[PDB]
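Participant: Below is the file protein18.cif, which contains mmCIF, C-alpha atoms.
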```
data_target
loop_
_atom_site.label_atom_id
_atom_site.label_comp_id
_atom_site.auth_asym_id
_atom_site.auth_seq_id
_atom_site.Cartn_x
_atom_site.Cartn_y
_atom_site.Cartn_z
CA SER Q 1 0.00 0.00 0.00
CA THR Q 2 0.89 3.69 -0.26
CA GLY Q 3 -0.51 7.06 0.77
CA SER Q 4 0.00 10.60 -0.51
CA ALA Q 5 -1.30 13.78 1.09
CA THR Q 6 -0.79 17.47 0.44
CA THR Q 7 0.64 19.54 3.29
CA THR Q 8 -0.16 23.27 3.44
CA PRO Q 9 1.51 26.15 5.32
CA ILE Q 10 -0.76 27.56 8.03
CA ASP Q 11 0.22 31.18 7.32
CA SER Q 12 2.29 33.44 5.05
CA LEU Q 13 5.51 32.69 6.97
CA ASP Q 14 5.36 28.86 6.83
CA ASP Q 15 5.17 28.80 10.63
CA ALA Q 16 3.90 25.23 10.40
CA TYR Q 17 2.28 22.86 7.93
CA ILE Q 18 -1.07 21.07 8.17
CA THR Q 19 -2.12 17.83 6.50
CA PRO Q 20 -5.69 16.49 6.38
CA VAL Q 21 -6.20 13.22 8.26
CA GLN Q 22 -9.35 11.08 8.30
CA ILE Q 23 -10.26 9.68 11.72
CA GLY Q 24 -13.15 7.37 12.55
CA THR Q 25 -16.28 6.06 10.84
CA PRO Q 26 -17.77 8.00 9.20
CA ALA Q 27 -14.57 9.97 8.60
CA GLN Q 28 -13.89 13.07 10.65
CA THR Q 29 -11.23 15.09 8.85
CA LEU Q 30 -8.81 17.02 11.03
CA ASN Q 31 -5.83 19.07 9.93
CA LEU Q 32 -2.80 17.78 11.77
CA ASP Q 33 0.77 19.00 12.13
CA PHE Q 34 2.99 16.09 11.01
CA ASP Q 35 5.93 16.10 13.41
CA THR Q 36 9.02 13.94 12.84
CA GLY Q 37 10.29 15.18 16.22
CA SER Q 38 7.58 13.55 18.35
CA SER Q 39 5.63 10.31 18.52
CA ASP Q 40 2.11 11.06 19.70
CA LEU Q 41 -0.96 11.40 17.48
CA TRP Q 42 -3.17 13.72 19.52
CA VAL Q 43 -6.23 15.75 18.59
CA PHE Q 44 -8.52 18.47 19.84
CA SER Q 45 -11.69 16.64 20.79
CA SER Q 46 -15.14 16.74 22.34
CA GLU Q 47 -13.27 16.15 25.62
CA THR Q 48 -11.06 19.24 25.37
CA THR Q 49 -11.69 21.88 28.05
CA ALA Q 50 -14.13 24.26 26.34
CA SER Q 51 -12.21 27.44 27.17
CA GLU Q 52 -9.14 25.93 25.50
CA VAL Q 53 -10.81 25.40 22.11
CA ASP Q 54 -10.83 28.42 19.80
CA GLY Q 55 -11.75 27.56 16.21
CA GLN Q 56 -10.16 24.10 15.92
CA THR Q 57 -12.01 21.18 14.39
CA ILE Q 58 -12.58 18.51 17.05
CA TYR Q 59 -12.67 14.72 17.02
CA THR Q 60 -15.83 13.35 18.63
CA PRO Q 61 -15.26 9.66 19.37
CA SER Q 62 -18.89 9.08 20.37
CA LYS Q 63 -19.79 9.79 16.72
CA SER Q 64 -17.38 7.15 15.37
CA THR Q 65 -18.64 3.58 15.18
CA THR Q 66 -15.06 2.27 15.14
CA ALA Q 67 -13.80 4.27 18.15
CA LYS Q 68 -12.95 2.30 21.29
CA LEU Q 69 -11.78 3.78 24.58
CA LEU Q 70 -8.34 2.40 25.41
CA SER Q 71 -9.16 1.59 29.01
CA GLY Q 72 -6.93 3.19 31.63
CA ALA Q 73 -4.64 4.85 29.12
CA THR Q 74 -3.55 8.45 29.51
CA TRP Q 75 -1.00 10.69 27.85
CA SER Q 76 0.86 13.90 28.58
CA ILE Q 77 3.45 15.62 26.44
CA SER Q 78 5.66 18.67 26.82
CA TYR Q 79 7.41 20.05 23.75
CA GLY Q 80 10.76 21.83 23.52
CA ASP Q 81 9.08 25.19 22.96
CA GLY Q 82 7.25 24.95 26.28
CA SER Q 83 3.84 23.96 24.92
CA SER Q 84 1.96 20.92 26.19
CA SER Q 85 -1.17 18.81 26.06
CA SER Q 86 -2.65 15.76 27.80
CA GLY Q 87 -5.69 13.51 27.94
CA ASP Q 88 -7.00 10.00 27.38
CA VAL Q 89 -6.83 7.55 24.49
CA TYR Q 90 -9.04 5.88 21.90
CA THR Q 91 -8.21 3.48 19.14
CA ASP Q 92 -9.84 4.17 15.78
CA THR Q 93 -9.33 3.96 12.04
CA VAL Q 94 -6.95 6.64 10.73
CA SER Q 95 -6.27 7.36 7.04
CA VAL Q 96 -3.68 9.67 5.47
CA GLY Q 97 -3.87 10.29 1.75
CA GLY Q 98 -5.52 6.93 1.05
CA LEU Q 99 -3.38 4.87 3.45
CA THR Q 100 -5.45 3.33 6.26
CA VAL Q 101 -4.42 2.05 9.68
CA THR Q 102 -6.97 0.29 11.87
CA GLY Q 103 -6.60 0.34 15.64
CA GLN Q 104 -4.45 3.47 15.66
CA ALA Q 105 -4.04 5.14 19.04
CA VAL Q 106 -5.74 8.53 18.81
CA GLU Q 107 -4.86 10.60 21.86
CA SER Q 108 -7.79 12.81 22.81
CA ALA Q 109 -6.84 16.07 24.47
CA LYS Q 110 -8.51 17.06 27.71
CA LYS Q 111 -6.06 19.95 28.17
CA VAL Q 112 -3.91 21.97 25.77
CA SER Q 113 -1.55 24.88 26.49
CA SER Q 114 -2.22 28.41 25.32
CA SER Q 115 -0.13 28.20 22.14
CA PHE Q 116 -2.29 25.38 20.80
CA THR Q 117 -5.52 27.16 21.71
CA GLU Q 118 -4.28 30.29 19.96
CA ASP Q 119 -3.56 28.45 16.73
CA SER Q 120 -6.97 27.85 15.19
CA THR Q 121 -5.49 26.14 12.13
CA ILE Q 122 -3.89 23.16 13.88
CA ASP Q 123 -6.31 20.46 15.05
CA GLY Q 124 -3.59 18.28 16.59
CA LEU Q 125 -0.27 16.58 15.89
CA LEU Q 126 0.69 13.38 14.11
CA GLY Q 127 4.05 12.19 15.43
CA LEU Q 128 6.53 10.49 13.08
CA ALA Q 129 9.57 10.04 15.33
CA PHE Q 130 10.30 6.63 16.83
CA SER Q 131 7.60 4.99 18.94
CA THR Q 132 9.96 4.80 21.92
CA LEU Q 133 9.05 8.48 22.55
CA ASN Q 134 5.30 7.88 22.68
CA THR Q 135 3.89 9.16 26.00
CA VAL Q 136 0.90 6.85 26.44
CA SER Q 137 0.83 5.18 29.86
CA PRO Q 138 0.76 2.49 31.10
CA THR Q 139 1.01 0.85 27.65
CA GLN Q 140 3.12 2.77 25.14
CA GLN Q 141 1.51 3.10 21.69
CA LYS Q 142 2.88 2.98 18.13
CA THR Q 143 3.02 5.83 15.63
CA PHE Q 144 0.91 5.87 12.48
CA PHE Q 145 4.04 5.07 10.44
CA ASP Q 146 5.05 2.23 12.76
CA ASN Q 147 1.57 0.70 12.43
CA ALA Q 148 1.50 1.14 8.63
CA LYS Q 149 5.06 0.05 7.92
CA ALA Q 150 4.58 -3.67 7.29
CA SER Q 151 1.79 -2.96 4.81
CA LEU Q 152 3.71 -0.33 2.83
CA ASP Q 153 5.27 -1.10 -0.57
CA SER Q 154 8.55 0.17 0.94
CA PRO Q 155 9.08 1.04 4.65
CA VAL Q 156 9.57 4.76 4.06
CA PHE Q 157 7.86 8.10 4.16
CA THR Q 158 8.97 11.32 2.48
CA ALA Q 159 8.62 14.99 3.31
CA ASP Q 160 8.52 17.52 0.50
CA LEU Q 161 7.67 20.81 2.20
CA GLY Q 162 7.05 23.90 0.09
CA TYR Q 163 8.37 27.42 0.52
CA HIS Q 164 5.30 29.64 0.77
CA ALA Q 165 3.43 26.86 -1.09
CA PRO Q 166 1.87 23.43 -0.56
CA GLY Q 167 3.97 20.28 -0.51
CA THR Q 168 3.56 16.56 -0.02
CA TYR Q 169 3.92 13.72 2.47
CA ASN Q 170 4.19 10.31 0.81
CA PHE Q 171 4.07 6.95 2.55
CA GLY Q 172 5.44 3.74 1.10
CA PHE Q 173 7.13 5.04 -2.04
CA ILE Q 174 9.71 7.50 -3.33
CA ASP Q 175 8.40 9.81 -6.04
CA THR Q 176 11.36 10.01 -8.42
CA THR Q 177 9.81 13.01 -10.18
CA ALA Q 178 9.84 15.09 -6.99
CA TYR Q 179 13.57 15.84 -6.77
CA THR Q 180 16.58 16.64 -8.94
CA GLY Q 181 19.83 14.69 -9.10
CA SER Q 182 20.24 11.81 -6.65
CA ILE Q 183 19.22 11.13 -3.07
CA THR Q 184 22.16 11.03 -0.65
CA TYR Q 185 21.57 8.74 2.30
CA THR Q 186 23.14 9.22 5.71
CA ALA Q 187 23.23 7.28 8.98
CA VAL Q 188 20.65 7.69 11.73
CA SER Q 189 20.91 7.15 15.47
CA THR Q 190 17.61 6.23 17.12
CA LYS Q 191 19.14 6.36 20.61
CA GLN Q 192 17.19 9.48 21.61
CA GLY Q 193 14.07 8.46 19.67
CA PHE Q 194 14.66 11.02 16.90
CA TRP Q 195 15.71 10.98 13.26
CA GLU Q 196 19.17 12.02 14.44
CA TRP Q 197 21.96 12.37 11.91
CA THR Q 198 25.26 14.17 11.33
CA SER Q 199 25.64 16.93 8.78
CA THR Q 200 29.11 17.22 7.23
CA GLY Q 201 29.32 21.01 7.40
CA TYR Q 202 28.07 24.32 6.09
CA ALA Q 203 28.66 27.39 3.96
CA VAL Q 204 27.29 30.92 4.19
CA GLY Q 205 26.27 32.49 0.88
CA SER Q 206 28.98 32.07 -1.73
CA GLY Q 207 31.60 31.42 0.96
CA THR Q 208 33.83 28.38 1.28
CA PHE Q 209 32.37 25.20 2.70
CA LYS Q 210 33.45 24.43 6.28
CA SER Q 211 33.84 20.70 6.91
CA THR Q 212 32.56 20.01 10.41
CA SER Q 213 30.31 17.40 12.02
CA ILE Q 214 26.97 18.78 13.16
CA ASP Q 215 24.75 16.27 14.94
CA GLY Q 216 21.07 17.13 14.83
CA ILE Q 217 17.54 15.95 14.21
CA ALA Q 218 15.31 16.14 11.13
CA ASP Q 219 12.19 17.73 12.62
CA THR Q 220 9.22 18.72 10.48
CA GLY Q 221 7.43 19.97 13.59
CA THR Q 222 9.94 22.72 14.34
CA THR Q 223 9.76 25.89 12.24
CA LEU Q 224 13.34 27.10 12.30
CA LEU Q 225 16.90 25.86 11.83
CA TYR Q 226 18.71 25.67 15.19
CA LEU Q 227 22.49 25.25 14.98
CA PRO Q 228 25.55 25.79 17.19
CA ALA Q 229 26.25 29.38 18.19
CA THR Q 230 29.51 29.47 16.21
CA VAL Q 231 27.70 28.55 12.99
CA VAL Q 232 24.82 30.95 13.59
CA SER Q 233 27.19 33.83 14.39
CA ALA Q 234 29.06 33.18 11.14
CA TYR Q 235 25.79 33.37 9.21
CA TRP Q 236 24.44 36.58 10.75
CA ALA Q 237 27.82 38.32 10.53
CA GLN Q 238 27.17 38.42 6.77
CA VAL Q 239 24.02 40.51 7.25
CA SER Q 240 24.52 44.22 7.89
CA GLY Q 241 22.79 45.28 11.08
CA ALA Q 242 21.90 41.77 12.26
CA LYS Q 243 22.19 41.18 15.99
CA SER Q 244 21.16 38.76 18.70
CA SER Q 245 18.40 40.30 20.79
CA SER Q 246 17.76 38.96 24.28
CA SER Q 247 14.48 40.89 24.47
CA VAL Q 248 13.17 39.39 21.23
CA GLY Q 249 14.65 35.94 21.85
CA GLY Q 250 17.11 35.49 19.00
CA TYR Q 251 18.78 36.99 15.97
CA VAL Q 252 16.98 39.83 14.26
CA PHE Q 253 17.95 41.73 11.14
CA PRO Q 254 16.85 44.84 9.20
CA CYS Q 255 13.79 44.05 7.12
CA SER Q 256 15.54 45.93 4.26
CA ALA Q 257 18.28 43.26 4.08
CA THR Q 258 18.84 40.75 1.30
CA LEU Q 259 19.77 37.53 3.13
CA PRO Q 260 22.54 35.18 1.99
CA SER Q 261 21.82 31.51 1.37
CA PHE Q 262 22.92 28.81 3.82
CA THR Q 263 24.30 25.47 2.65
CA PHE Q 264 24.41 22.29 4.74
CA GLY Q 265 26.26 19.08 3.95
CA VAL Q 266 24.78 15.62 3.63
CA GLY Q 267 27.76 13.36 3.11
CA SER Q 268 29.50 14.74 0.02
CA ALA Q 269 26.25 16.37 -1.14
CA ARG Q 270 25.04 19.89 -0.44
CA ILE Q 271 21.60 21.34 0.23
CA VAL Q 272 21.23 25.07 -0.39
CA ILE Q 273 18.68 27.06 1.61
CA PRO Q 274 17.92 30.29 -0.29
CA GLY Q 275 18.20 33.49 1.71
CA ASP Q 276 14.47 34.22 1.42
CA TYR Q 277 13.70 31.00 3.35
CA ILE Q 278 15.48 32.53 6.34
CA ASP Q 279 13.21 35.62 6.58
CA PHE Q 280 10.45 35.29 9.21
CA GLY Q 281 9.22 38.82 8.89
CA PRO Q 282 8.65 41.70 11.30
CA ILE Q 283 9.10 40.86 15.00
CA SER Q 284 5.84 42.71 15.66
CA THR Q 285 3.30 44.18 13.28
CA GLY Q 286 4.78 47.17 11.44
CA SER Q 287 8.32 46.77 12.79
CA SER Q 288 11.34 47.16 10.53
CA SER Q 289 13.17 44.53 12.57
CA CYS Q 290 12.74 41.02 11.18
CA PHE Q 291 13.19 37.65 12.86
CA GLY Q 292 15.83 35.27 11.55
CA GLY Q 293 15.15 31.72 10.46
CA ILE Q 294 18.53 30.44 11.64
CA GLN Q 295 18.92 30.56 15.42
CA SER Q 296 21.26 29.21 18.06
CA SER Q 297 20.62 25.80 19.59
CA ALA Q 298 22.66 26.75 22.66
CA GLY Q 299 20.40 25.92 25.57
CA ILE Q 300 18.27 23.44 23.63
CA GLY Q 301 20.75 20.61 24.06
CA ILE Q 302 20.40 19.48 20.46
CA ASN Q 303 20.62 20.91 16.94
CA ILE Q 304 17.37 20.93 14.97
CA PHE Q 305 17.05 20.77 11.21
CA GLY Q 306 13.53 22.19 11.20
CA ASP Q 307 11.35 23.35 8.35
CA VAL Q 308 13.71 26.12 7.20
CA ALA Q 309 16.23 23.40 6.27
CA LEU Q 310 13.89 20.57 5.32
CA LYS Q 311 11.82 22.62 2.87
CA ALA Q 312 14.96 23.14 0.77
CA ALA Q 313 15.11 19.36 0.19
CA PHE Q 314 13.21 16.22 -0.67
CA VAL Q 315 13.68 14.17 2.50
CA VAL Q 316 13.40 10.38 2.81
CA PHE Q 317 12.69 8.92 6.24
CA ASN Q 318 13.78 5.34 5.68
CA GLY Q 319 12.29 3.06 8.33
CA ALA Q 320 14.05 -0.14 7.33
CA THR Q 321 15.49 -2.39 10.05
CA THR Q 322 18.40 0.03 10.20
CA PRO Q 323 16.81 3.44 9.61
CA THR Q 324 18.54 6.07 7.47
CA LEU Q 325 17.74 9.56 6.12
CA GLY Q 326 17.96 10.64 2.49
CA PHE Q 327 18.26 14.19 1.16
CA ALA Q 328 17.93 15.40 -2.42
CA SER Q 329 17.82 18.87 -3.94
CA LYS Q 330 14.58 19.79 -5.72
#
```
What is this file in structure tokens?

Facilitator:
Amino acid sequence: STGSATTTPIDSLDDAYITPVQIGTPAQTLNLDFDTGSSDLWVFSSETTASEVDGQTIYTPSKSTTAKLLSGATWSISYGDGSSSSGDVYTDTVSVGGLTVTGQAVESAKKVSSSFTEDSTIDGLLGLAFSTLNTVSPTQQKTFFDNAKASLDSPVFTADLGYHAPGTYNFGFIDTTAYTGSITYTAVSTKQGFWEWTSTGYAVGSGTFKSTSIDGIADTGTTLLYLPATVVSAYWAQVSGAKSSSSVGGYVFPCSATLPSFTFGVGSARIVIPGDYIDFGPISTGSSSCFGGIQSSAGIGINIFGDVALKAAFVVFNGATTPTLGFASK
């Protein structure tokens, strides 16, 4: 089997991407944030504290003939950005782009933090990291990909995120028309539950490539590219007037700037992020200070190849017995 679904930016800045997901019988379609940095499929629901729902579409398990309460199961997750959610658990039929999993754990939110409430366009998350990170207790649950894997034509999914445009998540096949050149594969460590890999270095604009190992995670659920402070300083030093602002919470730059590209290495291959991908617009409405898309990971404890990096590539998440990651230009 295979599946293929379009993923769409939630706003003009590509702050996140949403993908329609069918849950239950008859189908209830929710728009979920596919997140290769976490492993819970959770949704706004009829159980979510009323004051914490503001425009989201909700899952109502009582209206699904295939929904079953997973007795005694609860979940609670806290994300790196400080947001969180928690609740109870159902199993139900879940379909993504024509690919169907029966008995998928659907984590129904009873509580969500303010950032989720305030984002009317995101109805929940669909985690695509390794199932070892799943927060369901007392019986840990599998991700949608984990459940689907055996049935897939090939045990892979791909992320093809667009810049200011829709893109695609495919399951079970590699669309050879979706990228240019070849796919370069690189080793993955699953030790922390992430798609963790090691970039071979970077370049800023037309500058020389610096060969250096940068360990980080491929994370579709994080907006920006978070890299070591040395690397980030080297990038922003090429932008007149750019500075790190403690009050704003990162590097900012004059909105009048033309940003240089940023290149990262995948083995001997190179992925080029155009400068425009690194512009996240005014820090507040009407400001001439703009927020940078490359930020320091100092304090996070890990480097994160988020959407800013991933959208410059066609990315293969290879879930074979020994997982690997593939990157191609596009």

Participant: Taking the file as shown, find all residues satisfying the PyMOL selection byres ((chain Q and resi 192) around 10) and write them as a list in words.

Facilitator: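 Written out, the selection comes to residues 129, 130, 132, 133, 189, 190, 191, 193, 194, 195, 196 and 217 of chain Q.
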
Participant: Translate the PyMOL selection byres ((chain Q and resi 246-260) around 10), as applied to the file shown, into an explicit residue set as number ranges by chain.

Facilitator: Q: 204-207, 232-233, 235-236, 238-245, 261-263, 273-284, 287-296

Participant: For atom CA of residue 35 of chain Q and atom CA of residue 222 of chain Q, determine how far apart the two atoms are, in Å to one decimal place.

Facilitator: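 Answer for the atom CA of residue 35 of chain Q to atom CA of residue 222 of chain Q separation: 7.8 Å.
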
Participant: Restricting the calculation to all atoms listed in the file, which member of Q:305, Q:327, Q:226, Q:34 is positioned closest to residue 17 of chain Q?

Facilitator: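 Smallest separation from residue 17 of chain Q among the options: Q:34.
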
Participant: Any idea what the distance is between atom CA of residue 28 of chain Q and atom CA of residue 58 of chain Q?

Facilitator: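 Between atom CA of residue 28 of chain Q and atom CA of residue 58 of chain Q the gap is 8.5 Å.
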
Participant: Taking 2 positions as the minimum chain separation for residues in the same chain, which residues sit within 8 Å of residue 21 of chain Q when counting only C-alpha atoms? Answer as a PyMOL selection string.

Facilitator: chain Q and resi 19+23+29-32+94-97

Participant: Would you mind telling me which residue in Q:53, Q:67, Q:304, Q:128 lies nearest to residue 159 of chain Q when using all atoms listed in the file?

Facilitator: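 Nearest candidate to residue 159 of chain Q out of Q:53, Q:67, Q:304, Q:128: Q:128.
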
Participant: Residue 143 of chain Q: which residues within 6 Å, counting all atoms listed in the file, same-chain residues fewer than 2 positions away excluded, as a list in words?

Facilitator: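 The residues satisfying every condition are residues 39, 131, 145 and 146 of chain Q.
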
Participant: Would you compute the distance between atom CA of residue 326 of chain Q and atom CA of residue 8 of chain Q? Give it in Å to one decimal.

Facilitator: 22.1 Å

Participant: Quick one: of Q:216, Q:138, Q:9, Q:265, who's nearest to residue 329 of chain Q, counting only C-alpha atoms?

Facilitator: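 Counting only C-alpha atoms, the residue closest to residue 329 of chain Q is Q:265.
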
Participant: Using only C-alpha atoms, determine which residues lie at most 8 Å from residue 186 of chain Q, disregarding the query and same-chain residues fewer than 3 positions distant; provide the list as JSON, numbers by chain.

Facilitator: {"Q": [197, 198, 266, 267, 324, 325, 326]}

Participant: Which residue, Q:16, Q:174, Q:109, Q:183, has the smallest gap to residue 306 of chain Q when you use all atoms listed in the file?

Facilitator: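 Smallest separation from residue 306 of chain Q among the options: Q:16.
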
Participant: For residue 10 of chain Q, which of Q:121, Q:57, Q:268, Q:318 is the closest residue, counting all atoms listed in the file?

Facilitator: Q:121

Participant: So which residues touch segment 161-172 of chain Q within 6 Å, counting only C-alpha atoms, skipping near sequence neighbours fewer than 5 positions away, as a short mmCIF file (atom, residue, chain, number, x, y, z; two decimals) with C-alpha atoms, in the frame of the given file?

Facilitator:
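That gives us out.cif:
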```cif
data_model
loop_
_atom_site.label_atom_id
_atom_site.label_comp_id
_atom_site.auth_asym_id
_atom_site.auth_seq_id
_atom_site.Cartn_x
_atom_site.Cartn_y
_atom_site.Cartn_z
CA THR Q 2 0.89 3.69 -0.26
CA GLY Q 3 -0.51 7.06 0.77
CA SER Q 4 0.00 10.60 -0.51
CA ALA Q 5 -1.30 13.78 1.09
CA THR Q 6 -0.79 17.47 0.44
CA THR Q 7 0.64 19.54 3.29
CA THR Q 8 -0.16 23.27 3.44
CA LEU Q 152 3.71 -0.33 2.83
CA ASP Q 153 5.27 -1.10 -0.57
CA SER Q 154 8.55 0.17 0.94
CA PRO Q 155 9.08 1.04 4.65
CA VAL Q 156 9.57 4.76 4.06
CA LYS Q 311 11.82 22.62 2.87
#
```

Participant: I'd like the contact shell of residue 103 of chain Q - 9 Å cut-off, only C-alpha atoms, skipping same-chain residues fewer than 4 positions apart - returned as a ChimeraX atom specification.

Facilitator: /Q:66-68,90-94,147

Participant: Q:99, Q:27, Q:178, Q:328: which is nearest residue 264 of chain Q, counting all atoms listed in the file?

Facilitator: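 Of the candidates, the smallest distance to residue 264 of chain Q is held by Q:328.
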
Participant: If the PyMOL selection byres ((chain Q and resi 223) around 8) were run on this exact file, what residues would it hold? Put them as a PyMOL selection string.

Facilitator: chain Q and resi 14-16+220-222+224-225+306-308

Participant: Mind working out the centre and edge lengths of an axis-aligned box for segment 20-27 of chain Q, all listed atoms inside, 8 Å added to each side, rounded to one decimal in Å and written as JSON?

Facilitator:
```
{"center_x": -11.7, "center_y": 11.3, "center_z": 9.5, "size_x": 28.1, "size_y": 26.4, "size_z": 22.2}
```
